[PDB]
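Heavy-atom basis, side chains included; hydrogens, waters and symmetry copies ignored. For reference, positions follow the sequence shown, starting with 1.
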Amino acid sequence: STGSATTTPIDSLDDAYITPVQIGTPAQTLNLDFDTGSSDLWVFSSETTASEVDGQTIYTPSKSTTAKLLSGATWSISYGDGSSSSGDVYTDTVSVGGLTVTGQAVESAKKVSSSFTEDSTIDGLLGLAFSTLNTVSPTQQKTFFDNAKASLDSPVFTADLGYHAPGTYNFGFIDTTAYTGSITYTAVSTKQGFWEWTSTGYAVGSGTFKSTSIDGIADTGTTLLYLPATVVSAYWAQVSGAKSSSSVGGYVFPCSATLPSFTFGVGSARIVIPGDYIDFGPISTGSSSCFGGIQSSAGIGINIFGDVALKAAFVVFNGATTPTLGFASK
């Protein structure tokens, strides 16, 4: 089997991407944020505290003939940005782009934090990291990908995120028309439950490439590129007037600037992030100070290759017995 679904930016800044997902019988279609940095499939639901729902589409398990309460199971998750959600658990049929899993754990939110409530476009998350991070207790549950894997033509999924445009998540096959050149594969550590890999270095603009190992995670659910302070300082030093603002919470730059590209290494290969991808626009409406798309990971504890980096590439998440990650230009 295979599946293929279009993923669409939620706003003009590519702050996140949503992908339609069919849950239950008859299908209830919710727009979920596919997150390779977490391992819970959770949704706004008929059980979500009413004051915490503001425009989202909800899953109503009582209207699904295939829904079953997973008795005694609860879940609770926090994310790197301090947002959180929690609730109980159903199993139901879940389909993505024509690929169907029966008996998938669908985590129904009873509570969500304000950031989720305030984002009307995101109806929940679909985690695609390793199932060892799944938060369901007392019986940990598998991700959609792990459940699907044995049925897939090949045990892989791919992320092809667009810049200010739709893109694609494919399951079970590699679309050889979707990238240029060759895919370079690199080793993954699953020790922390993430798609964790080591970049071979970086360049700023047309500058020379610095060979240096940068350990980080491929995370479709994080908007920006978070790298060590040394690397980030070297980037922003090439933008006149750029500075780190403690009050704003990161590097800002004059909106009149033309940003340089940023290159990262994947083995001997190179992925180039165009300067435009690094512009996240005015810090507040009407401001001439713009927010940068490359920020320090110093306060986080891990480097994160988020959407800013990933959308410059065609990315293969290879879930073979020994997982690997592949990157191609496109």
Side-chain angles (χ1 to χ4, degrees), residues 16-17 33-41 77-83 125-135 140-141 143-148 154-161 169 171 174 183-190 192-202 210-232 262-271 273 293-301 303-328:
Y17 298 77
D33 183 352
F34 283 23
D35 180 14
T36 63
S38 70
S39 306
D40 288 50
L41 193 176
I77 193 162
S78 65
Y79 299 98
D81 65 339
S83 69
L125 266 65
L126 190 150
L128 293 168
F130 294 89
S131 293
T132 53
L133 293 180
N134 176 267
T135 77
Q140 190 172 62
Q141 301 295 303
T143 71
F144 175 82
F145 178 54
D146 270 351
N147 281 323
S154 179
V156 305
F157 68 91
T158 64
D160 181 7
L161 302 180
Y169 281 102
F171 292 83
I174 289 162
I183 305 176
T184 297
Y185 289 87
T186 196
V188 164
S189 173
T190 64
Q192 295 190 84
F194 299 121
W195 292 91
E196 188 173 0
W197 65 290
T198 302
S199 173
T200 50
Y202 70 98
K210 175 72 171 183
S211 293
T212 184
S213 292
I214 305 171
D215 179 291
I217 67 166
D219 187 0
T220 59
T222 291
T223 313
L224 306 186
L225 174 53
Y226 294 90
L227 292 173
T230 47
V231 176
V232 175
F262 184 89
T263 300
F264 63 94
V266 181
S268 59
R270 307 288 180 253
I271 299 295
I273 305 171
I294 294 178
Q295 297 293 345
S296 178
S297 64
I300 298 175
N303 301 305
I304 306 173
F305 294 87
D307 298 334
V308 166
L310 304 182
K311 75 195 183 179
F314 177 88
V315 188
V316 180
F317 295 79
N318 170 29
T321 301
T322 300
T324 65
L325 271 173
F327 291 83

*Nearest-0.5 Å distance that lies between atom CZ in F144 and atom CG in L126*: 7.0 Å
*Look at the rings of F34 and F171 and say which category their plane angle falls in: under 30° parallel, 30 to 60° tilted, over 60° perpendicular.*
perpendicular
*Could you check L161 against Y169 for side chain to side chain contact (heavy atoms under 4.5 Å, CB included), going step by step and ending with a plain yes or no?*
CA-CA 8 Å; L161 302 180; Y169 281 102; 3.7 Å; yes
*Do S296 side-chain atoms and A298 backbone N/O form a donor-acceptor pair below 3.5 Å?*
yes
*In Å and rounded to the nearest 0.5 Å, what is the CD to CD1 distance from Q295 to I304?*
12.0 Å
_Holding to side chain to side chain contact (heavy atoms under 4.5 Å, CB included), I want the full list of residues that pass it with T324, two or more places apart in sequence or in another chain._
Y185, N318
*Taking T143 for the side chain and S131 for the main chain, is one N or O donor matched with an acceptor at less than 3.5 Å?*
no
_Check whether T36 reaches the backbone of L128 with its side chain - one donor and one acceptor, N or O, closer than 3.5 Å._
no
*Which pairs, with at least one residue in residues 313-323 and sequence neighbours excluded, count as a salt bridge (charged side-chain N to carboxylate O under 4.0 Å, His left out)?*
none
*Please confirm whether the backbone N or O of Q140 pairs with a side-chain atom of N134, one donor and one acceptor, at under 3.5 Å?*
no
*What residues, two or more places apart in sequence or in another chain, satisfy side chain to side chain donor-acceptor pair (under 3.5 Å) together with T222?*
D219
*List for me each residue that meets side chain to side chain donor-acceptor pair (under 3.5 Å) alongside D33, sequence neighbours excluded, and say none if there are none.*
none
*Working to the nearest 0.5 Å, report the span between CD1 of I300 and CD1 of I217.*
9.0 Å
*If the plane angle is over 60° it's perpendicular, under 30° parallel, otherwise tilted; pick one for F317 and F157.*
parallel
*Please identify each residue that fulfils ring pair (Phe, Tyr, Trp, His ring centres under 6.0 Å) with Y17, with sequence neighbours left out.*
none
*Do we see a donor-acceptor contact under 3.5 Å between the side chains of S38 and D40?*
no
*With side chain to side chain contact (heavy atoms under 4.5 Å, CB included) as the test, would you mind laying out the steps for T190 and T132 before giving the verdict?*
CA-CA 9 Å; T190 64; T132 53; over 6 Å; no
*Partners of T212 by side chain to side chain donor-acceptor pair (under 3.5 Å), sequence neighbours excluded?*
none
*asked:* If you apply the rule side chain to side chain contact (heavy atoms under 4.5 Å, CB included), what do you find for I214 with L227, and how did you get there?
replied: CA-CA 8 Å; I214 305 171; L227 292 173; 4.0 Å; yes
With a cut-off of 3.5 Å and sequence neighbours excluded, list every side-chain donor-acceptor pair involving residues 307-316.
from	atom 1	to	atom 2	distance (Å)
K311	NZ	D14	OD2	2.7

*Answer whether the closest heavy-atom distance between the side chains of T158 and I174 falls below 4.5 Å.*
yes
*Could you please spell out the steps behind the side chain to side chain contact (heavy atoms under 4.5 Å, CB included) verdict for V231 and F262?*
CA-CA 10 Å; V231 176; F262 184 89; 3.8 Å; yes
*With rounding to the nearest 0.5 Å, note down the distance linking CZ in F305 to OG in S297.*
9.5 Å
*When rounded to the nearest 0.5 angstrom, what distance separates CG in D215 from CZ in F194?*
11.0 Å
*About how many Å separate OG of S39 and CD1 of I77, when rounded to the nearest 0.5 Å?*
7.5 Å
_Listed partners of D160 passing salt bridge (charged side-chain N to carboxylate O under 4.0 Å, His left out), at least two apart_ = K330
*Looking at residues at least two apart in the chain, or sitting in another chain, which of them share a side chain to side chain contact (heavy atoms under 4.5 Å, CB included) with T200?*
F209, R270
*Parallel under 30°, tilted from 30 to 60°, perpendicular over 60°: which one fits the rings of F264 and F327?*
perpendicular
